[PDB]
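A.B. asks: Residue numbers (the entry's author numbering), protein chains in the order written: chain C, 0 to 136; chain D, 0 to 134; chain E, 0 to 136; chain F, 0 to 136; chain G, 1 to 15, 18 to 65, 89 to 133; chain B, 0 to 135; chain A, 0 to 135.
After the structure tokens below, expect a handful of questions from me.
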Amino acid sequence: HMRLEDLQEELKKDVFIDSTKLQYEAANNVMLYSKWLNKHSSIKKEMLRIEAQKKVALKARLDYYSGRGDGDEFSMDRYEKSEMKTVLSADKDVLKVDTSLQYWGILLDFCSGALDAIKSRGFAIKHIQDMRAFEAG
Amino acid sequence: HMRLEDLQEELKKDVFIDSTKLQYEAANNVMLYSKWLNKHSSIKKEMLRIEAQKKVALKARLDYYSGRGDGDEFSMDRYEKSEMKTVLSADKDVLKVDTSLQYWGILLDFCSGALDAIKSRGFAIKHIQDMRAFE
Amino acid sequence: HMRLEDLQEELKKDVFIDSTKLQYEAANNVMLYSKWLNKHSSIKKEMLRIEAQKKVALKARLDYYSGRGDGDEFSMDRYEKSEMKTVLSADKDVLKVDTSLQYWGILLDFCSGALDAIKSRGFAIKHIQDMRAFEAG
Amino acid sequence: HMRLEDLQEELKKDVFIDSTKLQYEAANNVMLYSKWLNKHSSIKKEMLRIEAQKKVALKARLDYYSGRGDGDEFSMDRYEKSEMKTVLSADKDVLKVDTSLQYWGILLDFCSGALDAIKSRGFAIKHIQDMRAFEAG
Amino acid sequence: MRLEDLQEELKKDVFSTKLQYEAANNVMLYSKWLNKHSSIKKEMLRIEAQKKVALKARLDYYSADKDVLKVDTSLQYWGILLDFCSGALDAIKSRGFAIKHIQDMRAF
Amino acid sequence: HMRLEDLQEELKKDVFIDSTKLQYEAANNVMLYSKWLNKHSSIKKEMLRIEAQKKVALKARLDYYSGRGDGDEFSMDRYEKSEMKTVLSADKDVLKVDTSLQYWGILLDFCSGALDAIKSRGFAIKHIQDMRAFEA
Amino acid sequence: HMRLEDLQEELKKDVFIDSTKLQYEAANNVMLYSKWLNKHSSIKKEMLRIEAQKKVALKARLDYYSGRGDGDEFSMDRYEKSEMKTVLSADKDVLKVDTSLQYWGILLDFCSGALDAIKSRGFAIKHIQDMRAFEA
């Protein structure tokens, strides 16, 4: 289980550009894109597993609250169809799984932004090179 | 708990472009994007925690008003199903949590706009460089 | 309490483009976006406070009309459930708060349009620059 | 009280594009957007005032027809709950206010379409510029 | 007016020898149909108001026998006319997209 | 059935640029694009087959839960129309097929990013060549 | 019906650059673009015919399941409006036509990528030529 703050610090380090090694950064920029692309794809792989758990968790707990069988356990609060969306989204089991799924979703949205930065950093490097050539004439 | 006005002043400072250091701003523009991207992602992390509280807070207070048990406390006003949406959204506990969640939502929408500005500032810098080359 | 007409005149001034200082406007366009983004975000902060008042105001006056207690005051008109939506939306206290909330909503929708103009003004400036380069060849 | 036909003629004039001054129209297109955005926002400000009147007008006349007090005046037709929606929507006071509110609603929907045209006119201008560059090669 | 003229008007505008003048006239066609769409809505507002008062008249039968049926009939006519203008506004919006497609189809 | 981690390691190897053979990498960059383009297209071919299974799997299990016939088998839980979307998305057969489809979807989105990297790597190589000419 | 793997192998062959005949490849690169442009356009011509069949196939089978068919066949499962999208997308006739249409869609998306490679290969050749002049 990786942390968000670990990715934040990692991105802040990778995004930095070395002005002295502009030729190095140009080839390394495409390398950084591959690293986060691996992270982004791996996160979706994790979310697919969690979403599968959430889908089952909902149906399982839906049976519980709606009076059906969820492991020989039954809800006695007798919730109506209108009250259902509120109760399920607040269930201890459901909320635990969903919170997990949504967290990796934030990590995924971060990697999407990370790739956006790298894709624009590669343009930034090429732009800087054009600025150096501008001083040359 | 960070404030909105603190982000407003921070963005207004970062968005400013130094005409003398155009090469510096080009590399720094991508740096600013990473800073707000960290803020944006961290806010969602906070909202996920608050939303979880709100989800439970609703179900807890729903039991209270609907005659069910919420810590051996019961509502005696006997609200109907039609009146429910109005009462819950005005509950002291619910409104307190929701207001918190919605506030960070404004902060999140601000960071989304901040990233939009930076993404266009990087284009603005490159455009200015093309204007200098035009002369 | 800011006025709408004050924002209308402010936007009309900011949106104007100086043809002589195209390089200046390009960097200033991103600056204007930040100004209205601060306004837009601040308005939502205000609306969140007002909406909170409205939510309570409704529940408070709902008790009043439905025969429940609203500060030892009771409605004697005996309104039915069907008549309720009409009466509450016309209550002096409710209508005062809602009108306030809806007003800032118009201001918010104006800032959203203002940001849309600035976002397209930045494209307009870049387009004009491309038109000047077109005359060059 | 502005008229619809006045806005129709105003829009038809603004939407026209000068082929000789393409650079001028590009900067002026963003200016026209600000003009109608001020109109659109101002109309909503007017509707908010009228809607407030309508909300009260309904509740006031609701008391009248339902046997309650509306300025020491009472309806003797004894309308039932089923007949209420038809009677209120045809009341002289209510219909007068609603007609006003709905009219500015048409003006508002026109400004929304006007902004849509301007937003696409800015794309039309940029497209035309790309067509001129196409003949250049 | 007539529905017939509306079909001949739209089918004639939807259609190259002067591409720069056709792209600048695409927003012009929009204004011509925008003023038309809002004018239909204007005439119906008067009709919809007369229908309400006529609906109360039919209700006061307990308190021409079908006056509102003469109003609702003409009201259902403009509804068709209003739905044919919404397609036009949806067409010109797609015509500008089809006009931008040609300039992209010529460079491809 | 190919793995994601196998593509991750493969991309990380291909994306690397040899500074000594810049002329070689320029012609090889367009070659790498063709390789992943073949992968990307082949994955869509696989997904089209799986999606077809999923479409049938849904309709088959929909009959089961809604009281209709799914191979002489019937659901007795009597689920309502509101409960349907939740139950179907959690069915053992459906979830198995969907998980498969979504997985190749991740592989497909990875190839799309891989092609994006190669398309920008070709620009990176040309940029580096322009930087070497700048020193000249 | 052409195969995807046949196009994959064909592209992999065309994309290769001969370093000895750089002048030849420069003129041939524009030739390859025309070849795939003919393929791309021809595929759309095929898809237009298939899409027309799909449009009719849907409306035909829609009548069947909804009971509004003037034909001899009627569906007795009595599907509701909510269940309709799932049933139609899983119909034997519909799924057969759609699968065909989607397949050529993959071929079309491949040709679009092929043209992208050729368009960048022409830049790759010119870049390599500039690299040879750099050594000069």
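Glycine residues also receive a C-beta, built at the ideal position from the N, C-alpha and C atoms.
At 7 Å on the CB atoms, spell out the chain D contacts of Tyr32 (chain E), in chain order.
C.D. replies: Against the third sequence, residue 32 (chain E) aligns to sequence position 33. The answer, in chain order, is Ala116.
A.B. asks: Would you list, in chain order, the members of the region 57 to 70 of chain E that have their beta-carbon closer than 7 Å to a beta-carbon of chain D?
C.D. replies: Listed by position, the residues of the region 57 to 70 of chain E near chain D (Cβ gap below 7 Å) are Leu57, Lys58, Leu61, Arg67.
A.B. asks: Just curious, the alpha helix (DSSP H) that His39 (chain D) is in, first and last residue?
C.D. replies: Within the second sequence, numbered from 1, the residue matching residue 39 (chain D) stands at position 40. Note, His39 (chain D): alpha helix (DSSP H), 21 to 64.
A.B. asks: Taking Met75 (chain A) as part of the alpha helix (DSSP H), name the residues at either end of that continuous run.
C.D. replies: As a working mapping, residue 75 (chain A) is identified with position 76 in the seventh sequence. Per DSSP, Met75 (chain A) belongs to no alpha helix (DSSP H) and is neither H nor E.
A.B. asks: Are at least three pairs of beta-carbons, each pair with one atom in the region 116 to 132 of chain B and one in the region 19 to 30 of chain B, less than 8 Å apart?
C.D. replies: Touching, yes, given that three or more Cβ pairs across the two stretches are closer than 8 Å.
A.B. asks: Can you check whether the C-beta of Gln101 (chain F) is within less than 7 Å of a C-beta belonging to chain E?
C.D. replies: Residue 101 (chain F) sits at position 102 when you count from the first residue of the fourth sequence. So, not an interface residue.
A.B. asks: On the CB-based measure, 16 or more other CB atoms within 10 Å of its CB, does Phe109 (chain E) come out buried or exposed?
C.D. replies: For the purposes of this step, residue 109 (chain E) is identified with residue 110 of the third sequence, where counting begins at 1. Classification for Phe109 (chain E): buried.
A.B. asks: I'd like the list of long-range same chain contacts for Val86 (chain E), defined as Cβ closer than 7 Å, with 5 residues on each side in sequence excluded.
C.D. replies: The count along the third sequence starts at 1 and reaches residue 86 (chain E) at position 87. Answer for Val86 (chain E): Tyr64, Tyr78, listed in chain order.
A.B. asks: Let me know the secondary structure DSSP gives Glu82 (chain C) once reduced to three states.
C.D. replies: Looking up residue 82 (chain C) in the first sequence gives position 83. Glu82 (chain C) falls in the coil class under three-state DSSP.
A.B. asks: Can you confirm whether the region 91 to 110 of chain C touches the region 32 to 39 of chain C when touching is taken to mean that 3 or more C-beta pairs between the two stretches lie within less than 8 Å?
C.D. replies: Short answer: they touch.
A.B. asks: Under 7 Å, do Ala51 (chain C) and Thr19 (chain B) count as touching if we go by C-beta distance?
C.D. replies: Counting from one through the first sequence, the residue named residue 51 (chain C) turns up at place 52. Counting from one through the sixth sequence, the residue named residue 19 (chain B) turns up at place 20. Cβ atoms of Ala51 (chain C) and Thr19 (chain B): not closer than 7 Å.
A.B. asks: What number of angstroms, rounded off, separates the C-alpha of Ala132 (chain C) from the C-alpha of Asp115 (chain C)?
C.D. replies: Here residue 132 (chain C) refers to the residue found at position 133 of the first sequence. Here residue 115 (chain C) refers to the residue found at position 116 of the first sequence. So the two alpha carbons sit approximately 26 Å from each other.
A.B. asks: Between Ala123 (chain B) and chain A, is any beta-carbon pair separated by less than 7 Å?
C.D. replies: Reading the sixth sequence from its first residue, position 124 is the one you call residue 123 (chain B). It does not; no Cβ of chain A falls within 7 Å.
A.B. asks: Nearest by alpha-carbon distance to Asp17 (chain D): which of E:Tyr23, E:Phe15, E:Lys12, E:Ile16 is it?
C.D. replies: Walking along the second sequence from the start, residue 17 (chain D) turns up at place 18. Among E:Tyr23, E:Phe15, E:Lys12, E:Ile16, the Cα nearest to that of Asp17 (chain D) belongs to E:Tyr23.
A.B. asks: Distance check for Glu45 (chain B) and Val14 (chain C), CA to CA, integer angstroms please.
C.D. replies: Counted from its first residue, the first sequence places residue 14 (chain C) at position 15. Counted from its first residue, the sixth sequence places residue 45 (chain B) at position 46. Near 36 Å, if we compare the C-alpha coordinates of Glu45 (chain B) and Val14 (chain C).
A.B. asks: Could you check whether the Cβ of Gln52 (chain E) sits closer than 7 Å to any Cβ belonging to chain F?
C.D. replies: By 1-based counting over the third sequence, the position of residue 52 (chain E) is 53. Answer no: the Cβ-Cβ gap between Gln52 (chain E) and chain F never drops below 7 Å.
A.B. asks: If contacts are defined as beta-carbon pairs under 8 Å, then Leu47 (chain D) and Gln101 (chain C) qualify, I think. What distance do you get, rounded to the angstrom?
C.D. replies: Your numbering for residue 47 (chain D) matches position 48 in the second sequence. Your numbering for residue 101 (chain C) matches position 102 in the first sequence. That pair is a contact at about 5 Å.
A.B. asks: Around the C-beta of residue 218 (chain E), are 16 or more other C-beta atoms found within 10 angstroms, so that it is buried, or is it exposed?
C.D. replies: Because chain E here runs from 0 to 136, residue 218 (chain E) falls outside it and cannot be looked at.
A.B. asks: In angstroms with no decimal places, state the Cα-to-Cα distance between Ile49 (chain D) and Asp92 (chain D).
C.D. replies: Residue numbering aside, residue 49 (chain D) sits at position 50 when the second sequence is read from its first letter. Residue numbering aside, residue 92 (chain D) sits at position 93 when the second sequence is read from its first letter. About 13 Å.
A.B. asks: Suppose you measure from the CA of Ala113 (chain C) to the CA of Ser33 (chain D); what does that come to, to the nearest Å?
C.D. replies: Counted from its first residue, the first sequence places residue 113 (chain C) at position 114. Counted from its first residue, the second sequence places residue 33 (chain D) at position 34. Roughly 8 Å separates the two Cα atoms.
A.B. asks: Relative to the alpha-carbon of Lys58 (chain F), which residue among E:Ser119, E:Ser88, E:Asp5 has its alpha-carbon at the smallest distance?
C.D. replies: Position 59 of the fourth sequence holds residue 58 (chain F). Nearest option by C-alpha distance: E:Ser88.
A.B. asks: Rounded to the nearest angstrom, what separates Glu134 (chain B) and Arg120 (chain B) at their Cα positions?
C.D. replies: Walking along the sixth sequence from the start, residue 134 (chain B) turns up at place 135. Walking along the sixth sequence from the start, residue 120 (chain B) turns up at place 121. The alpha-carbon atoms of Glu134 (chain B) and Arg120 (chain B) are separated by roughly 21 Å.
A.B. asks: At the level of alpha carbons, what is the spacing between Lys118 (chain D) and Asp129 (chain G)?
C.D. replies: The residue given as residue 118 (chain D) occupies position 119 in the second sequence. The residue given as residue 129 (chain G) occupies position 104 in the fifth sequence. In a straight line, the C-alpha of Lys118 (chain D) is about 26 Å away from that of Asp129 (chain G).
A.B. asks: Determine the chain F residues that contact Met130 (chain E) at a beta-carbon separation under 8 Å, and present them in chain order.
C.D. replies: Walking along the third sequence from the start, residue 130 (chain E) turns up at place 131. In chain order: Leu21, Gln22, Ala25, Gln128.
A.B. asks: Does any CB atom of chain G fall closer than 7 Å to the CB of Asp76 (chain F)?
C.D. replies: Walking along the fourth sequence from the start, residue 76 (chain F) turns up at place 77. So, interface residue.
A.B. asks: To the nearest angstrom, report how far apart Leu94 (chain A) and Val55 (chain A) are at their CA atoms.
C.D. replies: Residue mapping note: residue 94 (chain A) aligns to position 95 of the seventh sequence, counting from 1. Residue mapping note: residue 55 (chain A) aligns to position 56 of the seventh sequence, counting from 1. Approximately 13 Å between the Cα atoms of the pair.
A.B. asks: Between which two residues does the alpha helix (DSSP H) holding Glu4 (chain A) run?
C.D. replies: As a working note, residue 4 (chain A) is residue 5 in the seventh sequence. That run of the alpha helix (DSSP H) goes 3 to 13.
A.B. asks: Taking the continuous alpha helix (DSSP H) assigned at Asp90 (chain F), which residues delimit it?
C.D. replies: Position 91 of the fourth sequence, counted from the first residue, corresponds to residue 90 (chain F). Counting along the chain, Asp90 (chain F) falls outside any alpha helix (DSSP H), and DSSP gives it neither H nor E.
A.B. asks: Quick check on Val86 (chain D) - is its C-beta less than 7 Å from some C-beta in chain C?
C.D. replies: Here residue 86 (chain D) refers to the residue found at position 87 when the second sequence is read from its first residue. Not one chain C Cβ lies under 7 Å of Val86 (chain D).
A.B. asks: Just verifying my parser: in three-state terms, what is the DSSP assignment at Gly136 (chain C)?
C.D. replies: Here residue 136 (chain C) corresponds to residue number 137 of the first sequence, with the count starting at 1. Coil at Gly136 (chain C), not helix or strand.
A.B. asks: Residues of chain E with CB closer than 7 Å to the CB of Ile16 (chain D), please, in chain order.
C.D. replies: Counting from one through the second sequence, the residue named residue 16 (chain D) turns up at place 17. Result: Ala26.
A.B. asks: If you drop the 5 nearest sequence neighbours on each side, which residues of the same chain put their C-beta closer than 7 Å to that of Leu21 (chain E)?
C.D. replies: Taking the third sequence and counting its residues from 1, one reaches residue 21 (chain E) at position 22. If we look at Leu21 (chain E) and ignore the five residues flanking it on each side, its Cβ neighbours are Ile124, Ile127, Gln128.
A.B. asks: Hey, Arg67 (chain D) and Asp90 (chain C): beta-carbon distance below 7 Å or not?
C.D. replies: Taking the first residue of the second sequence as 1, we reach residue 67 (chain D) at position 68. Taking the first residue of the first sequence as 1, we reach residue 90 (chain C) at position 91. Contact flag unset, no.
A.B. asks: Taking DSSP as the reference, what is the three-state secondary structure of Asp69 (chain E)?
C.D. replies: If you number the third sequence from 1, residue 69 (chain E) lands on position 70. DSSP places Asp69 (chain E) in coil when its eight states are reduced to three.
A.B. asks: Rounded to whole angstroms, what's the CA-CA distance from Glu9 (chain E) to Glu9 (chain G)? Just pull it up for me.
C.D. replies: Taking the first residue of the third sequence as 1, we reach residue 9 (chain E) at position 10. Taking the first residue of the fifth sequence as 1, we reach residue 9 (chain G) at position 9. Taking the straight line from one Cα to the other gives about 42 Å.
A.B. asks: On a CA-only basis, which of B:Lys12, B:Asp5, B:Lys43, B:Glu4 is nearest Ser111 (chain B)? Give me that one, please.
C.D. replies: Translated into the one-based positions of the sixth sequence, residue 111 (chain B) becomes position 112. The shortest C-alpha separation from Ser111 (chain B) is found at B:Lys43.
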